[PDB]
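Peer 1: Pasting in a structure now, in structure tokens, and then I'll have a few things to ask.
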Amino acid sequence: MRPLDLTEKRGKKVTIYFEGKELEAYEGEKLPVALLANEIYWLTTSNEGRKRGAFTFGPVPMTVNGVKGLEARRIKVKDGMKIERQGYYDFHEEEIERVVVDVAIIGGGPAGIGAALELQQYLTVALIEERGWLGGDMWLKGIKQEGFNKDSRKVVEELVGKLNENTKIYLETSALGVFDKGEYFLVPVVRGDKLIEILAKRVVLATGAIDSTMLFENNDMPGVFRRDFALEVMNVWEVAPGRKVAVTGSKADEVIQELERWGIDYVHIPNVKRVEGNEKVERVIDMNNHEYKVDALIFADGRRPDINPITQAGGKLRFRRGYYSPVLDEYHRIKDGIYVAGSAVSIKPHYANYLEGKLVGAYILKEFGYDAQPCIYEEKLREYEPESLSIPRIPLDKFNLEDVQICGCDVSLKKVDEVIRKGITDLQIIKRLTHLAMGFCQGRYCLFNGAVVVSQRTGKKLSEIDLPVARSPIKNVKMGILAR
Amino acid sequence: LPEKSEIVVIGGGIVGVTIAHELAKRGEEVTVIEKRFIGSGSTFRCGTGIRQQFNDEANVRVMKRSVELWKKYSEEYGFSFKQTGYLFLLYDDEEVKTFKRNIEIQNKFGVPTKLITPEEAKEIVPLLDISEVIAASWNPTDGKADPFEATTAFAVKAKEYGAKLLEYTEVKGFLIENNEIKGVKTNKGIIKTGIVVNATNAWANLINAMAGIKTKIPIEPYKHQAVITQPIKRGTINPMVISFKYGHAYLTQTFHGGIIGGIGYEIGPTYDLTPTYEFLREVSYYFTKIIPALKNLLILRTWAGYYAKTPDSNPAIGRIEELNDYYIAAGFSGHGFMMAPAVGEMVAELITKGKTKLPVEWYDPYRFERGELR
Amino acid sequence: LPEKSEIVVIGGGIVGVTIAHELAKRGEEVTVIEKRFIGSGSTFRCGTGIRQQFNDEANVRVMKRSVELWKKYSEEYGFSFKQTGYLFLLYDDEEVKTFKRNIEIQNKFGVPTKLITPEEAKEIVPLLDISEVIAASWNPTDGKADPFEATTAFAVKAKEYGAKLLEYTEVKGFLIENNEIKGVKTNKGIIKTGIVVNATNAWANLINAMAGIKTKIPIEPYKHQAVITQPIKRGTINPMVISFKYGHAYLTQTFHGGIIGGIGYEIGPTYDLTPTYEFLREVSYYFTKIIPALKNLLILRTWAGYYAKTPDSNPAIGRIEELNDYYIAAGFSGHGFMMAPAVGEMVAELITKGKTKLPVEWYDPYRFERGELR
Ligand SMILES: Cc1cc2nc3c(=O)[nH]c(=O)nc-3n(C[C@H](O)[C@H](O)[C@H](O)COP(=O)(O)OP(=O)(O)OC[C@H]3O[C@@H](n4cnc5c(N)ncnc54)[C@H](O)[C@@H]3O)c2cc1C
Ligand SMILES: Cc1cc2nc3c(=O)[nH]c(=O)nc-3n(C[C@H](O)[C@H](O)[C@H](O)COP(=O)(O)OP(=O)(O)OC[C@H]3O[C@@H](n4cnc5c(N)ncnc54)[C@H](O)[C@@H]3O)c2cc1C
Ligand SMILES: Cc1cc2nc3c(=O)[nH]c(=O)nc-3n(C[C@H](O)[C@H](O)C(O)COP(=O)(O)O)c2cc1C
Ligand SMILES: Nc1ncnc2c1ncn2[C@@H]1O[C@H](COP(=O)(O)OP(=O)(O)OP(=O)(O)O)[C@@H](O)[C@H]1O
Ligand SMILES: [Cl-]
Ligand SMILES: [Cl-]
Ligand SMILES: [Fe+3]
């Protein structure tokens, strides 16, 4: 057992080296998780000298066997592996498959599975998921779940269990976007390092929501965990974020329930001002200047639909219930032939998103001439009012602005605030002046916040501040993979 | 919103503001009218300029001059223009002969371009794959600059010198009395003026239409595209590297560290932006042929913008005689950012003296109907 | 819906049905699978064929043969194929020399084309403006036919001879065991077969994709367009008149009396139909240059259709070896209607004997990866 193991691992034991030090890991574990288990948090430094971990926004470039600039999260641990830290900008110096399919479902959470289950009654589908497992956010929980009155992870197993050979599953697979060729849609997809082109008649974006990022002082430092990452390490791998854990944000109960299940000690800090520490977090300070000693901070401030795949697919947005949503016709369509389902549509219980996927799959099944009954899913859905999110009042005056990070790359809240103060309110321009939303997330974890700041400094309402649209490759792909 | 103005420049991109800028520092009173923000449009989607390696006297003289103005204003207003060179990679005797010939004409007019060696080309840009390059055209006084940074700079100076820059203000029509311009009709009232300049390149036709110009000045918007990679160590790729053989690829590194670039891949006369999968594939193929290390680099985003094309890839810059005090500076066909400082100077002189130091007549608005393509 | 079939032809356009037709009259059992109706698709949007004036031996021999089959089947099934000729108008020595050379090769292989005089060209087609035509290429055994009429005819005979023609039936996949085809998966069940023919020209890639064919066979759909005028006295314009100089214009009169035609104006790889204003303007300009009387004629409608283009404007017709009993006959690049009777014959013989009388190897599916363009 390593110090942060929640279980004794029974996988094949393996040995790796971090900065020369000999560490034990298990086969199949991903680099940052093996290092966490061994109490190692600080994995890289940004170009302007900011220490960083793997469990919040931003990329983790690491030298993995003399090969510079590999992404830590993507790398499985391997016996004899030589791992080292490096600069942010340090790079290394040194057979297309075509598959035709009826629908192409992007995203493998409850919505995606839902759609696939409905669809494979008669059609051939691609279920595309970049994640390596086929649950959704649901596979991150293991707490009993409403709707299917049954344990979160047990439901996923049941559902995956029910998939046909009519469903081609694509794990560890990144969709690069959707391209309408009139007669079909092209969804180019990357798995391992092969490019696969999926030509489909229909598409469904079952694309999910992403966790909102909280603005407080060293919010990027090692040992801060965004909700999803904390749940992943605890529930998927079985590793604690730390020995004693601070928890914050408006959905902190979801996290606390997991902590309690695993018996991980914690404090609940409703309003975080700052985190401090040399390599990692060791104190958090609240808005009343109270300090708490802890090894990690976990924040959970609500999920918001990931709008990138929507807007690259050519969909339009609406602001409602504290977040941006897809504008849909009466059939959950973004545009003719592209359906949207799940937490991509709105925030609501897993079961609801599951139904919406079935709903969306049923419409296309009806399109195809099969006798489906989308409305039974429709009427089940209405039983679930979509959730709201409070819009954050960022106490700008009360923060030391250069310490609070807005995006992954450079980009402090101060830089953004500065340009707004000089009159610029158009996010298009803000994007260019500061590098907000130009980093390796494409604004996923910062655009909305940038908007909130403009809105706050301006008085201009959020339902009027329109968002820069997502462009060509919605996910990072390198570049060799795309020739010839 | 002013209600009278001696001169009205339509369009507030690099060209529009750069023209205003010259007129204003020359003591003249100018207001620019931009329908969105200063520097939106192609200038906002633009690569990083700036080149003197052209193939005819006029363009070479204009760009020589232009580069002098880039040096001057760059340091004088503090906006940053690195002279890292332009590097044309050559692969066969066909190309070598042609460039030997281009360089010759460049030299005559004071642009000291050299034909160089593969290993020399690889000293500059160490990551260049040199295996099938047989020579390269090199000029160390070509460079790159951020079109947005540079436009905003010229903009605040133009205002300082007394120009009015009107932002969410669209031109919709003209008050034309006899053949006199009397006013420019907008979405926010009419402005009285006798002299107007059309600097809306991709939109030039629209402005020409509103003015009732009957002279054929064919300027079509075409969709060109660009890619940006993840940031990389500073000074990894310094000059603009061009490869005609590999799909009219151009690539260089941004000041942020990016490595930006595009290829020839043109999409027929359209106002559509929105990038395409086919461009994504092609740029990846071409770039990685030219510098192989790019294979290990993440692509972050892709975008599109207009080339405002004419049949001979040269702008239309001149006085239109049949409308009284109508000028055009539009249709820069992909290289209008680099020209801007110089065309500013030219247009100012036209307005102001009736003739120009530089050979502005190469860009004659009337050449097309007359059948005289360059 | 059958459940087994010796041969399955995918696509029920002129090419698809014409192939089935040969196989069936040869005693073989064929079922065609068409996703809409027999002859929808390009055949439905097609001009009126049919020409032997090509510039290389294979095409000239194939079309000579093809025309023999048009004569035979035309009268034998009663579907009407008027041999009114094709008339290529020439305007300069450049063109004359080139056509002198084309005709020469045409003649060698039994296509008796003549180079003719302006006044001769004007006897045929009295309304031709002859003022700048210096010669014309004329062959009196080229003609025109209605692609829909002709397809439906071949269709009902193919059925008579025992072919199954399946109409609202789309191919979606293939059951491939080893490298054996076992079945063609459709929207209405699977059909067992060991031999399949891909005749879906514009869609060819899709079918190739479903089959897992890894050989590069580049076939792109391009938007071409046509116009129809109001009906006019019978026999006013009898031959197909071609003018390369005036925008690759082709025009002729329909059996209804229409005067149908298009021009070169191609719109980049797309599946979009829907006509354009720019085509409307251009066709009007070109036609009225070639025959001035057209100026007084009402345009009624305009439409669009696919050319299924390859890099060398020749189809891919052959056996694909790595899939067991996969054939392709697709990519006719604008002249696939006229070829159909002959390609039917060729494909039948391939399936049936393993080789063909005609030079089918010119249309080698493998030529493109091998780098060998025609
Ligand atoms: C991908 C790409 C890369 C490029 N790279 C380079 C390069 O490396 N070097 C180079 O020199 N050039 C480059 N260019 C081209 C360069 O962007 C253009 O030549 C240049 O921006 C032209 O500037 P402009 O001011 O004439 O046009 P614009 O910047 O488009 O300015 C015209 C302005 O007029 C405004 N307007 C239009 N209609 C109206 C109206 N009715 N009323 C008021 N305003 C109106 C528009 O809002 C617009 O802002 C590139 C272009 C693209 C697309
Ligand atoms: C404006 C215009 C004018 C033309 N003029 C001439 C001319 O004068 N002379 C000449 O020779 N040619 C001409 N052509 C070209 C001619 O139309 C084509 O070469 C010819 O129609 C090709 O026939 P085809 O049967 O190969 O293609 P098509 O007629 O398109 O047949 C392919 C069929 O396959 C079907 N299909 C596609 N996918 C599937 C699937 N998955 N399952 C089942 N079926 C499927 C389609 O429904 C379609 O009906 C012209 C074309 C255009 C657009
Ligand atoms: C000089 C220049 C640098 C750019 N750098 C980046 C970048 O580093 N990251 C990024 O995501 N986009 C970058 N872009 C693309 C911008 O997002 C660009 O303005 C754009 O995408 C146009 O807006 P649209 O894509 O919403 O149409 C750059 C564009 C230019 C012209
Ligand atoms: N471009 C993409 N390629 C592949 N997978 C993607 C892509 N974008 C998003 N995804 C995946 O889509 C899935 C979204 O599922 P998620 O569980 O978040 O939402 P859901 O299925 O609507 O239901 P719930 O939100 O209640 O779990 C995630 O697993 C995410 O990794
Ligand atoms: Cl341009
Ligand atoms: Cl065709
Ligand atoms: Fe980012």
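Please note: Cβ atoms are built from the backbone with ideal geometry, for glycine as well, and neighbour counts cover all protein chains shown. No value in this document is a laboratory result; all are computed from the given coordinates.
Peer 1: Counting helices only, and only those DSSP H runs with n ≥ 4, report the 222 nm mean residue ellipticity of chain A as the sum of -39,500 (n - 2.57) divided by its residues, in deg cm²/dmol to the nearest 500.
Peer 2: Values: 11 runs with 102 residues, N = 484.
That comes out to -6000 deg cm²/dmol.
Peer 1: Let a ≥ b ≥ c be the square roots of the eigenvalues of the Cα gyration tensor of the stretch A:87-166; is it rounded (a/c under 1.5), or, if not, prolate (a/b larger than b/c) or oblate?
Peer 2: Note, shape of the stretch A:87-166 comes out oblate.
Peer 1: Rounded if a/c is under 1.5, else prolate if a/b is larger than b/c, else oblate: which is the stretch A:393-472, with a ≥ b ≥ c the root eigenvalues of its Cα gyration tensor?
Peer 2: Details: a/c = 1.64, a/b = 1.15, b/c = 1.43.
Because a/c hits 1.5 or more and a/b fails to exceed b/c, the stretch A:393-472 counts as oblate.
Peer 1: A further question follows. Report the residue of chain B with the smallest Cβ-to-axis distance, using the rotation axis that brings B onto C, in whole Å.
Peer 2: Residue and rounded Å distance to the axis: B:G268, 3.
Peer 1: Can you list, shortest first and in nm, the gaps between the label point of C:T288 and those of its counterparts in the other copies, using a point 7 Å from Cα in the C-beta direction?
Peer 2: 5.3
Peer 1: Sorted from shortest, what are the nm distances separating the label point of C:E120 from equivalent points in the other copies, each placed 7 Å from Cα along Cα to C-beta?
Peer 2: Reported distances to equivalent positions: 6.1 nm.
Peer 1: Let me ask something else about it. From largest to smallest, what semi-axes in whole angstrom does chain B give when each is the square root of 5 times an eigenvalue of its alpha carbon gyration tensor?
Peer 2: Working: eigenvalues 261, 89, 76 Å².
Square roots of five times the eigenvalues give 36, 21, 19 Å.
Peer 1: I've got another one for you. On the Cα set of the stretch C:75-183, report Rg and Dmax in Å, please.
Peer 2: 22.2, 65
Peer 1: I'd like the mean, over residues of C:162-175, of how many other protein chain beta carbons sit within 10 Å of each residue's own Cβ. Show your work: numbers first, answer last.
Peer 2: Numbers: counts 0, 0, 0, 0, 0, 0, 0, 0, 1, 1, 6, 5, 1, 0.
The mean count of partner-chain Cβ atoms within 10 Å per residue comes to 1.
Peer 1: By residue number, which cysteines of chain A lack any other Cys whose Cβ falls under 4.7 Å from their Cβ?
Peer 2: Among the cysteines of chain A, those whose Cβ sits 4.7 Å or more from every other are A:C375, A:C409, A:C441.
Peer 1: Quick check: net charge around B:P2, other residues with Cβ under 11 Å of its Cβ, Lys/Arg +1 and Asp/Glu -1?
Peer 2: Details: positive: B:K4, B:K164, B:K188, B:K192; negative: B:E3, B:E6, B:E29.
Within the 11 Å Cβ shell, the charges total +1.
Peer 1: Sequence-distant or interchain residues sharing an amide H contact under 5 Å with C:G12, placed H: which?
Peer 2: Counting only residues 5 or more places away or on other chains, the set is C:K35, C:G39.
Peer 1: How do C:159-167, B:11-19 rank on mean C-beta neighbours within 10 Å, highest first?
Peer 2: On the way: C:159-167: 17.8, B:11-19: 30.9.
Descending mean neighbour count gives B:11-19, C:159-167.
Peer 1: For peptide B:275-281, how many partner chain Cβ atoms fall within 10 Å of a residue's Cβ, on average?
Peer 2: On the way: counts 6, 2, 12, 4, 1, 9, 6.
Rounded to a whole number, the mean comes out at 6.
Peer 1: Report, as an integer, the average count of C-beta atoms from other chains found within 10 Å of each Cβ along A:172-181.
Peer 2: On the way: counts 0, 0, 0, 0, 3, 4, 1, 6, 1, 7.
Average per residue, whole number: 2.
Peer 1: Given bins 20 angstrom wide, list per bin the percent of all Cα-Cα distances in the protein assembly as shown, short to long.
Peer 2: 10, 32, 37, 19, 2, 0
Peer 1: Write down Rg/Rh for the stretch C:259-299, rounded to two decimals, with Rg from the C-alpha atoms and Rh from the Kirkwood relation over Cα pairs.
Peer 2: Working: Rg = 11.7 Å, Rh = 11.5 Å.
We get a ratio of 1.02 for the stretch C:259-299.
Peer 1: Let me ask another. Rounded to whole Hz and in sequence order, give me ³J(HN,Hα) for the stretch C:134-140 from the Karplus expression 6.51 cos²θ - 1.76 cosθ + 1.60, θ = phi - 60°, writing x for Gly and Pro.
Peer 2: Using θ = phi - 60°, the values come out as 10, 7, 8, 8, 10, 10, x Hz.
Peer 1: Still on this structure: How large is the Rg to Rh ratio of the stretch A:102-233 when both quantities use alpha carbon positions and Rh follows Kirkwood? It would help to have the intermediate numbers written out before the result.
Peer 2: Numbers: Rg = 16.5 Å, Rh = 16.1 Å.
Radius of gyration relative to Kirkwood radius: 1.03.
Peer 1: Between 0 and 90 degrees, rounded to the nearest ten: what's the tilt of helix C:147-160 against the longest Cα principal axis of chain C?
Peer 2: 30 degrees
Peer 1: Which residues' amide hydrogens lie under 5 Å from the amide hydrogen of C:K164, considering only partners 5 or more residues apart or on another chain, with H built in the peptide plane?
Peer 2: Those qualifying (amide H under 5 Å, at least 5 residues apart or on another chain) are C:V30, C:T31, C:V32.
Peer 1: Moving to a separate point now. How big is the Rg/Rh ratio for the stretch A:1-94, C-alpha atoms only, Rh by Kirkwood, two decimals? Could the numbers behind the result be given before it?
Peer 2: Numbers: Rg = 13.0 Å, Rh = 13.5 Å.
Radius of gyration over Kirkwood radius for the stretch A:1-94 works out to 0.96.
Peer 1: Same structure, new question: Can you give the angle from 0 to 90° between the axis of helix C:336-353 and the longest principal axis of chain C, with both taken from C-alpha atoms, to the nearest 10?
Peer 2: Between helix and principal axis, roughly 30 degrees.
Peer 1: Any idea how far the Cα center of the stretch B:218-281 sits from the one of the stretch B:51-83, in Å?
Peer 2: Value for the Cα centre distance between the two parts: 21 Å.
Peer 1: Using only Cα atoms, what is the ratio of the radius of gyration of the stretch A:212-302 to 2.2 N^0.38 Å?
Peer 2: Numbers: Rg = 11.7 Å, N = 91, 2.2 N^0.38 = 12.2 Å.
Cα Rg divided by the expected 2.2 N^0.38 Å: 0.96.
Peer 1: Distances in nm, one decimal, shortest first, from C:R36 to the same residue in every other copy, taking the label point 7 angstrom along Cα→Cβ.
Peer 2: 3.8
Peer 1: Quick check: the angle from helix B:14-25's long axis to the longest principal axis of chain B, C-alpha only, nearest 10 degrees?
Peer 2: 60 degrees
Peer 1: Which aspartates and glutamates does B:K144 reach when only Cα atoms under 16 Å apart count, and residues fewer than 8 places away in its own chain are ignored?
Peer 2: Counting by Cα, and skipping residues close in sequence, B:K144 has these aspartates and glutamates nearby: B:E68, B:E75.
Peer 1: Which entries in C:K100/C:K122; A:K30/C:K214; A:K194/A:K431; A:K13/A:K68; B:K4/B:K157 show an alpha-carbon gap greater than 24 Å? Could you put the intermediate results ahead of the total?
Peer 2: On the way: C:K100/C:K122 20 Å; A:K30/C:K214 35 Å; A:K194/A:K431 32 Å; A:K13/A:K68 26 Å; B:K4/B:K157 21 Å.
The answer is A:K30/C:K214; A:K194/A:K431; A:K13/A:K68.
Peer 1: In terms of modelled amide H atoms, which long-range or inter-chain residues lie less than 5 Å from the amide H of B:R301?
Peer 2: Residues meeting the amide H criterion: B:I228.
Peer 1: Something else now. Taking the Cβ of C:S74 as the centre, find all other residues whose Cβ is under 15 Å away and add up their charges (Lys, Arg: +1; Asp, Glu: -1). Could you put the intermediate results ahead of the total?
Peer 2: Working: positive: C:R65, C:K71, C:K72, C:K82, C:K144, C:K157; negative: C:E68, C:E75, C:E76, C:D142, C:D146, C:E149.
Charge balance near C:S74 sits at 0.
Peer 1: Could you go through the stretch A:64-69 in sequence order and give the Karplus-derived ³J(HN,Hα) for each residue, using 6.51 cos²θ - 1.76 cosθ + 1.60 with θ = phi - 60°, rounded to whole Hz, and x for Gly and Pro?
Peer 2: Whole-Hz 3J(HN,Hα) from phi for the stretch A:64-69: 10, 5, x, 8, 6, x.
Peer 1: What is the distance in Å between the Cα centres of the stretch C:293-369 and the stretch A:86-124?
Peer 2: 36 Å
Peer 1: Follow-up question, since we're still on this one. Please label the shape of chain A as rounded, prolate or oblate, based on the square roots a ≥ b ≥ c of the eigenvalues of the alpha-carbon gyration tensor (a/c under 1.5 means rounded; beyond that, a/b larger than b/c means prolate, else oblate).
Peer 2: rounded
Peer 1: Between the stretch B:103-161 and the stretch A:224-281, what is the C-alpha centre distance in whole Å?
Peer 2: The stretch B:103-161 and the stretch A:224-281 have Cα centres separated by 53 Å.
Peer 1: Something else about it: Which of the residue pairs C:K64/C:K223; C:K223/C:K245; A:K162/C:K192; A:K181/A:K380; B:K97/C:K309; C:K25/C:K188 have a Cα-Cα distance greater than 24 Å in the structure shown? Each step should come with its number before you reach the end.
Peer 2: Working: C:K64/C:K223 28 Å; C:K223/C:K245 21 Å; A:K162/C:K192 28 Å; A:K181/A:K380 35 Å; B:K97/C:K309 35 Å; C:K25/C:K188 27 Å.
Result: C:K64/C:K223; A:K162/C:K192; A:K181/A:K380; B:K97/C:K309; C:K25/C:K188 exceed 24 Å.
Peer 1: Excluding C:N139 itself, calculate the net charge of residues whose Cβ lies under 10 Å from the Cβ of C:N139, where each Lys or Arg counts +1 and each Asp or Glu counts -1. Display every interim value, and only then the final one.
Peer 2: On the way: positive: C:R51, C:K114; negative: C:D142.
In short, +1.
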